[PDB]
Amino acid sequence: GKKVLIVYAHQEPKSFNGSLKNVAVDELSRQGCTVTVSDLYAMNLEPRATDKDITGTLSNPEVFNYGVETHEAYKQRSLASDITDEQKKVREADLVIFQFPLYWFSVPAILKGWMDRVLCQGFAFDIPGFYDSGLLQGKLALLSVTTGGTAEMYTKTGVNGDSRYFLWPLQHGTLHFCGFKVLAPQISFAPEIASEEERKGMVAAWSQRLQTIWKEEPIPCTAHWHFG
C-alpha cells in the first residue's frame, strides 16, 4: 500500500498537462495506490511567502525573517492551514509527482510558491538534515514537465542547453536538499508542436512508465549527472 501525492500546476483541465495528471490518477488508482492531487490553480494556492503564513504573534514582529518565523511556527504548530494541509499530504506520501509546464526554465510561480511555503525548516530540512539526510529521506519525487521547446533544442550543442541543466535547481537544489530520492524526469517535449499521434505516444509512454514506477532506481542526483 503506497501513497502518492500529485502536485499539479495547470490552469486548464483539458490541457496536455491536465491529461498527464489524469493518466497518473487513473493508472495509480487502478494499481490500488492511495492518490491525492493538489490542484494548485483550482485551490488558488497563495504563492507569496508572507507573515500571514504564521498564525498569531510572531517571534520578532519588528524585523520579519520569513525563514526564522516559519521554522518557529512549524515547531509551535502555528503555520497557516493551507501549508499544514500540504505538509500532511507530503508526510504521508511515498511518492510526490510534480506535473507542470516549463515556465522560464523552471516551475510556474504558483508551484514555486508551494515549494517555498510548504518545504519549511523543521518539516523538510533542518541543520543538520539536508541532502541525503533531509527530513523527507526515503520518499520519492518525480518531475513531469512539458515544454515549448523540442528535444533537439535541449541538447548540449543547442541554444537552450541540455534539459538537465534546468533540472538542477528543482532536482538537486530543492528535492534532493529535502532528502527525496529523485526518479528520472518525465519530459514531454513540445506537445503544442508535436503531431496528434506523437502526443498520444507521449501519453502512452507516461501511462506505461507508471505501471512499473515502484521498480525504478532513482537517479544519482549529482552535479556530474546534471552537467557532465
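Numbering starts at 1 and runs along the sequence shown.
Higher-B stretch (mean Cα B-factor, as the entry records it), 23-31 or 158-166: It is 158-166 that shows the higher mean C-alpha B-factor.
Which of 54-62 and 170-178 has higher mean CA B factor, as the PDB entry lists it: 54-62 has the higher mean C-alpha B-factor.
Residue of maximum C-alpha B factor among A151, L95, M115, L102, per deposited coordinates: Checking the PDB record, the top C-alpha B-factor among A151, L95, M115, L102 is at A151.
Highest-ranked of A184, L40, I187, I193 once sorted by CA temperature factor in the record: Among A184, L40, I187, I193, the highest C-alpha B-factor in the entry belongs to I193.
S106 - which third its CA temperature factor falls in, relative to the rest of the chain: CA B-factor rank for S106: lowest third.
Assigned third (lowest, middle, highest) for the C-alpha B factor of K215: According to the entry, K215 has a C-alpha B-factor in the chain's highest third.
Ranked C-alpha temperature factor of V203 among modelled chain residues, by third: Middle third by C-alpha B-factor.
Record-listed C-alpha B factor of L143: chain third: Lowest third - that is where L143 ends up once the chain's C-alpha B-factors are sorted.
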